[PDB]
């Protein structure tokens, strides 16, 4: 619960929350307002649950794709930056946080996956996914692997699924069509099949998660990983000399990562909107604010023009934005969470052998497009069955009371119904078969 006079921030555990706390300390030193930064697990899921009742942090950080669902649920304050401040950030980052014509968060940085490779183990990274199996065969002879990345979050395999034609929601006529899902087309199946076949041919393992891949690459056991700018800090501290380059092609086509804009939304229930707004506009989104976060864990391409023009000189940022250009900014519509849940199930089930590729993507197709009933539709259904049971209960109450049907002391309603049927000239077998 937000208490007035201080700020509590939620940011994911892979970002530079220690650097962000340093910005919080400067804010506390100038205005007196205490700023606490926390990184709980599954925070993008926890926020919509607690924020609906007015709980949750003052400020929540996540990629922009989750915020439109938050805004639709009335969990976010509208962001009211003056025009002079809006111009300090790239226009496309503001677009990422615009929903129903209103700005619902401050954009922070642009995130895109890249290929990260070990220069010493592999001076020339592969340009295509197709040459990965042969490469791993060649590295397995020296006790190494070619490629390990997180297969528990669909974010990391989506560039491959999208390469030959898979997509989330088709953009048409200025809008995303929530009924036009492309996780089931030929391109998506081609990309996921190539992933599943790397697993079947023992080039990757289906249970590899984030920490396994990160540990493997930074210990020098795999030649390549796929990860974002936040991951560069831990590689720097390791004994691995790495490079950041474009993702491999698949069927001669570029991998298309879904591009995220790390964003900071303000809780609609916060009694500290202006202090939150002041912290974000005049402390975080400054050169010095972003620098403190970025030196903890790299942010990627920051939305603030002044600081990005220094970060853009870094060849790792150049590669990041090269992959970003080949990808697409994620939608922010509320249906994105249902899309992500569906594809997560599909990748894990197909990587696991629990479902075929076609069956997994077929189910993900319908789940991502499924119409979610509103609270009122749910309540209508709940009341209809409550009423149906209520009418039945009164009928059987009356039948038991006045029937004198020659029944055992404690019998179910089916027995009462049977006694009623026989009274009306019917025969009811034990299994329920009924006729006159």
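Residue numbers count along the first chain shown, from 1.
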item: Mean temperature factor over C-alpha atoms, higher-scoring stretch between 345-353 and 319-327; value: 345-353
item: 233-241 versus 254-262 - greater average Cα B-factor per the deposited record; value: 233-241
item: Which of 111, 177, 120, 296 ranks first by CA B-factor in the deposited coordinates; value: 120
item: From 156, 167, 339, 217, residue of greatest CA B-factor; value: 217
item: CA B-factor ranking of residue 15, expressed as a third of its chain; value: lowest
item: Residue 332 - which third its CA temperature factor falls in, relative to the rest of the chain; value: lowest
item: Entry-reported Cα temperature factor of residue 421, expressed as the chain third it lands in; value: highest
item: Chain-relative CA temperature factor third for residue 107; value: lowest
item: Position of residue 226 among the chain's modelled residues by C-alpha B-factor, lowest, middle or highest third; value: lowest
